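# Working through the structure, step by step
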Amino acid sequence: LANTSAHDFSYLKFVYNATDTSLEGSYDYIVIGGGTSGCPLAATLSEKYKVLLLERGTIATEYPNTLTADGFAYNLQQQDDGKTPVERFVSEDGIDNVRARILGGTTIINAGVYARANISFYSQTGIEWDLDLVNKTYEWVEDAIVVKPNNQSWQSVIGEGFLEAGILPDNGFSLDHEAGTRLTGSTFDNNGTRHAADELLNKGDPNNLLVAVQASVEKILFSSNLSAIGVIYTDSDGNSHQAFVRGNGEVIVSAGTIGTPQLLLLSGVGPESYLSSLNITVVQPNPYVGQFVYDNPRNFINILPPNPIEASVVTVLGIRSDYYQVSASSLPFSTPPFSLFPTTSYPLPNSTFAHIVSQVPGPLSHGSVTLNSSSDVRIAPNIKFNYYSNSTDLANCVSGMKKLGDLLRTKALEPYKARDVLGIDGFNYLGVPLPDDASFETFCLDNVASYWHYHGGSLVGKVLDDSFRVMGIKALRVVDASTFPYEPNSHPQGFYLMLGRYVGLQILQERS
Ligand SMILES: Cc1cc2nc3c(=O)[nH]c(=O)nc-3n(C[C@H](O)[C@H](O)[C@H](O)COP(=O)(O)OP(=O)(O)OC[C@H]3O[C@@H](n4cnc5c(N)ncnc54)[C@H](O)[C@@H]3O)c2cc1C
Ligand SMILES: *[C@@H]1O[C@H](CO)[C@@H](O[C@@H]2O[C@H](CO)[C@@H](O)[C@H](O)[C@H]2NC(C)=O)[C@H](O)[C@H]1NC(C)=O
Ligand SMILES: *[C@@H]1O[C@H](CO)[C@@H](O)[C@H](O)[C@H]1NC(C)=O
Ligand SMILES: *[C@@H]1O[C@H](CO)[C@@H](O)[C@H](O)[C@H]1NC(C)=O
Ligand SMILES: *[C@@H]1O[C@H](CO)[C@@H](O)[C@H](O)[C@H]1NC(C)=O
Ligand SMILES: *[C@@H]1O[C@H](CO)[C@@H](O)[C@H](O)[C@H]1NC(C)=O
Ligand SMILES: *[C@@H]1O[C@H](CO)[C@@H](O)[C@H](O)[C@H]1NC(C)=O
Ligand SMILES: CC1(C)OCc2cc(C=O)ccc2O1
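Its PDB header attributes the entry to X-ray crystallography and lists the resolution as 1.90 Å.

In the nomenclature of the PDB entry, the protein corresponds to (R)-mandelonitrile lyase from the organism Prunus dulcis.

Given below as structure tokens:
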């Protein structure tokens, strides 16, 4: 595990403005998106080869509130001016959401929770994983940026509560996704400093790795034996740039669940009928690009204790097969953190509150990503998740919401009631309190938010082979959250950080 230490920006010595035309030319690898998977991938490939990492966002030093636990709410509260580290969007379902626009990607804006994948996930995928390597790669990430969190009074309350509510066994401190109650790792250190995927660039070879920031990759370039050969990207002034791969090199798309399918569709990789209807020339027909896009539901209640509670970052997890629960305690605010609540018309708290949540696993419900613009990558694509279109997800939210009921009934939570009455109506609620089964179904459907753990759109077995290659195209891979249809665990940053380096190692091995 990592120590308490300042955020390591040493890698800025090889970070350049995309306006610099001397970045243009040939590389062994081009990685698109300096995010959760993309940074460790680029750092790994740079051990042996010349790598260009292209990131549309700027550097995290420009937005200091990204570098502390205390800053979490600020980045969501801040207006999206097209330059900010948080990009706001609204799914076609009507649910407010965010994605990262910064070097380090969503690890620079997220809630810091670190877990390893459910050990059953690997065999469920049917990919021939090198499981020893997976574990060495987890340790490489964890050594760099993960800590054992210190005690936080709210998280200890919630852990006592989960155990009293029957979420057993007590797993103590563990990074593993396993049934029961545990303290998990965090990418916020014990001084509250955020550590993130951008610090994994410090593991790259500074003679081999170049990073362009404010680089908007607009198109993947192909050969006239179809190969990816390069990219077109534009800089912050709007001028265009080209970079290419050479010899046995490859372009990897690491632009996230939203950005990867968007760039593939803009490049003519996607469903023939759909692309044809936009007069986009088809380079590689594939009916599944931007299909099987998922967003795990977040359902929640908010309690307002009659005495102040101390704000906390989530470290204590309550895990069952059918639901994953946590709680954060928060200061009040008069500017809402965008997407914490599903719409902007949610009532504001004006005292300290506990946000107590359950996450639907999978989920089984899915939607898609489609282009809004057929040319401009800076225009966000359309995204729809179809929350609770699958009855199994609704069934699982019902079970989760019943367990949050059990949690509000524990001795652990009894001190946070406004009235010493027998029932959970003894709490004061911000928004809709918990309510047979139909009332819980209505509550699940009506009060859903994003968990922010959206995934899919470029699935292994649909768009990619078991080596993350785009089927039908040489020298093109995708490595990020677009790649799997089901969550590897409650909190997937750990899996995607691991995946970046792991796939980089598989690329270096395939080539040796
Ligand atoms: C608010 C929030 C809180 C979360 N909290 C947690 C948590 O506590 N723990 C946890 O495990 N998970 C959490 N998650 C989820 C997790 O952080 C993400 O699922 C994961 O980081 C996604 O990694 P990725 O590489 O797929 O995408 P990203 O990390 O978003 O990386 C993609 C990168 O590509 C860039 N990009 C996009 N398109 C282009 C383009 N055309 N050209 C150039 N660059 C481009 C983006 O700017 C971005 O930097 C959270 C998510 C959010 C939004
Ligand atoms: C870890 O993932 C595994 C496999 O995806 C889950 O085990 C499955 O769970 C369902 C519901 O309990 C069972 O009906 C399946 O048959 C199980 N499959 C296998 C291969 O064991 C497990 O639930 C996940 N664990 C947690 C705690 O989320
Ligand atoms: C890149 O250069 C332009 C000036 O041409 C400037 O406006 C922009 O802020 C720079 N971006 C970064 C990330 O330095
Ligand atoms: C990988 O580490 C996990 C704990 O995260 C352990 O359960 C598992 O047995 C390890 N697998 C191998 C192949 O060593
Ligand atoms: C595609 O181009 C043809 C002209 O070849 C035109 O008839 C049609 O409307 C165009 N469709 C779109 C959506 O641009
Ligand atoms: C683009 O997104 C807007 C939201 O601004 C949506 O309402 C509009 O219909 C979209 N256009 C296309 C072509 O998808
Ligand atoms: C839900 O998902 C399962 C697994 O994909 C699928 O078998 C089924 O068709 C879906 N169920 C409903 C209610 O649509
Ligand atoms: C569980 C979850 C979403 O984690 C993070 C979080 C942060 C805040 C502060 O704005 C408030 C509530 C909250 O809850």
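### Looking at the domain arrangement of the protein
Each assigned domain of the protein is listed with its residue range as follows: domain 1 (1–148 + 193–295 + 454–512) and domain 2 (150–183 + 297–359 + 388–447). Tallying the contact residues gives 27 residues for domain 1 and 25 residues for domain 2. Counting each side, the surface lost to burial between domain 1 and domain 2 is near 2100 Å², with a carbon and sulfur contribution of 63%. Summed over the shared surface of domain 1 and domain 2, the result is zero salt bridges. On inspection of domain 1 and its partner domain 2, the count reaches six residue pairs in polar contact.

### Considering the state of the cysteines
A full pass over the atoms with the stated rule returns one disulfide. The disulfide bridge from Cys-397 ends at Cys-444, spanning 2.1 Å between sulfur atoms. On the sign convention where negative is left-handed, the bridge of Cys-397 and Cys-444, at about -95° about the S-S bond, is left-handed. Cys-444 sits in the buried class, given a relative accessible area of 0%.

### With respect to the sheet that holds strand β25 (residues 455–456)
Here we have four strands laid out as an open sheet, ordered β22-β21-β16-β25, and antiparallel in their pairing. If you trace the sheet from one side to the other, it starts and ends with β22 (382–384) and β25, each paired once. As judged from the two bridges shared by strand β16 (residues 291–294) and β25, these two strands associate in the antiparallel manner. In the sheet register, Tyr-294 faces β25, and the bridge partner there is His-455. The sheet strands contacting helix α6 (residues 256–266) are β16, β21 (367–370), β22 and β25, and the helix crosses β21 at an angle near 55°.

### Quick word on the environment of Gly-318
Within the secondary structure, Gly-318 sits in strand β18 (residues 316–320). C-alpha separation for the pair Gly-318 and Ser-358, spaced 40 residues apart in sequence, amounts to 9.0 Å. The residues contacting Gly-318, other than those within four sequence positions of it, are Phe-162, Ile-167, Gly-180, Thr-181, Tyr-323, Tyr-324 and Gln-325.

### Here we look at the side chain of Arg-99
Residue placement: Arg-99 occurs in strand β5 (residues 96–100). Given a relative accessible area of 9%, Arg-99 falls into the buried group. With sequence-adjacent residues up to four places away left out, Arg-99 is seen in contact with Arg-56, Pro-85, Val-86, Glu-87, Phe-89, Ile-109, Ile-258, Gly-259, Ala-380, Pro-381 and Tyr-454.

### Brief notes about the site of ligand 2
The local shell around ligand 2 consists of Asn-118, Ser-120, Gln-124, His-177, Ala-179, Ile-319, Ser-321 and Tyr-324. A distance of 2.8 Å separates an oxygen atom of ligand 2 from a polar side-chain atom of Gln-124. For ligand 2, the protein covers 43% of the area, taking 590 Å² as the surface of the free molecule. Class assignment of the residues belonging to the shell around ligand 2 gives a composition of three nonpolar, five polar and no charged. Residues lining the shell around ligand 2 come from more than one domain, with at least three contributed by each of domain 1 (1–148 + 193–295 + 454–512) and domain 2 (150–183 + 297–359 + 388–447).

### Comments concerning the nonpolar core
Counting 99 residues, the largest nonpolar core has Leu-103, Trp-129, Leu-476, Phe-484 and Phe-495 as the members making the most contacts within it. With ten residues, helix α10 (residues 493–511) is the single largest residue contributor to this core. In this structure, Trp-129 is in contact with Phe-121, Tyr-122, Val-134, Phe-484, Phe-495, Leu-499 and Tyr-502, ignoring residues within four places of it in sequence. Within the second largest apolar cluster, 42 residues are counted, among which are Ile-167, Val-293, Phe-443 and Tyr-454.

### Side note on the pairing of strand β19 (residues 323–330)
With respect to burial, β19 is a largely interior element, six of its eight residues being buried. Bridge count for β18 against β19 is three bridges, and the pairing is antiparallel. Across the sheet, residue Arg-320 finds its bridge partner in β19, namely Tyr-323. The hairpin turn running from β18 into β19, its antiparallel successor, is two residues long.

### Examining the packing of aromatic side chains
This structure, assessed with the given rule, holds 24 aromatic pairs. Their ring planes at 75° and their centres at 5.6 Å tell us that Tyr-29 and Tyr-49 sit as a pair that is edge-to-face. Here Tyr-49 lies in the loop between α1 (38–45) and β3 (51–55) and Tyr-29 lies in strand β2 (residues 25–32), a separation of 20 residues in the sequence. Residue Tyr-29 is classed as buried on the basis of its relative accessible area, which comes to 0%. Taken together, a centroid distance of 4.9 Å and an interplanar angle of 80° make the contact between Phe-495 and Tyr-496 edge-to-face. Each member of the pair, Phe-495 as well as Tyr-496, carries the same accessibility label: buried.

### What to know about the environment of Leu-404
Assignment of secondary structure puts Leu-404 in helix α8 (residues 391–408). Assessed through its relative accessible area of 1%, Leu-404 is described here as buried. When the C-alpha positions of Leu-404 and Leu-434 are compared, they lie 8.5 Å apart, and in sequence the two are 30 residues distant. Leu-404 has contacts with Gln-325, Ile-356, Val-357, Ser-358 and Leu-434, leaving out every residue within four places of it along the chain.

### Quick notes on the environment of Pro-285
Locating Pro-285 in the fold gives a position in strand β15 (residues 284–285). Separated by ten residues in sequence, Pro-285 and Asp-295 have C-alpha atoms that sit 26 Å apart. In contact with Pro-285, not counting residues within four places along its chain, are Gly-270 and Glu-272.

### Some points on empty space enclosed by the protein
Empty space within the largest cavity amounts to approximately 40 Å³. In terms of lining residues, the largest cavity is bounded by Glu-87, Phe-89, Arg-99, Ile-258, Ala-380, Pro-381 and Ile-383. In the lining of the largest cavity, the residues fall into five nonpolar, no polar and two charged. The computed volume of the second largest cavity comes to approximately 30 Å³. The wall of the second largest cavity is formed by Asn-299, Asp-322, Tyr-323, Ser-358, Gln-359, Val-360, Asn-396, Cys-397 and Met-401.

Thresholds applied
- Residues numbered from 1 in each chain as written, not as in the entry; some residues may be left out.
- Chains lettered and ligands numbered in written order.
- Heavy atoms only, no water.
- Domains from an automatic or database assignment.
- Contact = heavy atoms within 4.5 Å.
- Buried area = accessible area lost by both parts, 1.4 Å probe.
- Salt bridge = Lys/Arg side-chain N within 4 Å of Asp/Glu carboxyl O.
- Polar contact = N/O pair within 3.5 Å; in protein donor to acceptor, adjacent residues only side chain to side chain.
- Disulfide = S-S within 2.5 Å.
- Buried < 20%, exposed > 50% of the residue type's maximum accessible area, 1.4 Å probe, protein only.
- Pairing = 2+ DSSP bridges.
- Helix = DSSP H or I, 4+ residues; strand = E, 2+ residues; numbered from the N terminus.
- Axes fitted to C-alpha atoms, helices over the stretch in contact; angles between N-to-C directions.
- Near = heavy atom within 4 Å.
- Areas by Shrake-Rupley, 256 points an atom, 1.4 Å probe, with all protein chains shown as cover.
- Nonpolar A, V, L, I, M, F, W, Y, C, P; charged D, E, K, R; others polar.
- Core = buried A, V, L, I, M, F, W, Y, C linked by side-chain atoms within 4.5 Å.
- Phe/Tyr/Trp six-rings, centres within 6.5 Å; stacked < 30°, edge-to-face > 60°.
- 1 Å grid on protein atoms, 1.4 Å probe; cavity = no way out; pocket = protein on both sides within 12 Å on 5 of 7 lines; lining within 4 Å.
- Points joined across faces, edges and corners; volume = space filled by probe spheres on them.

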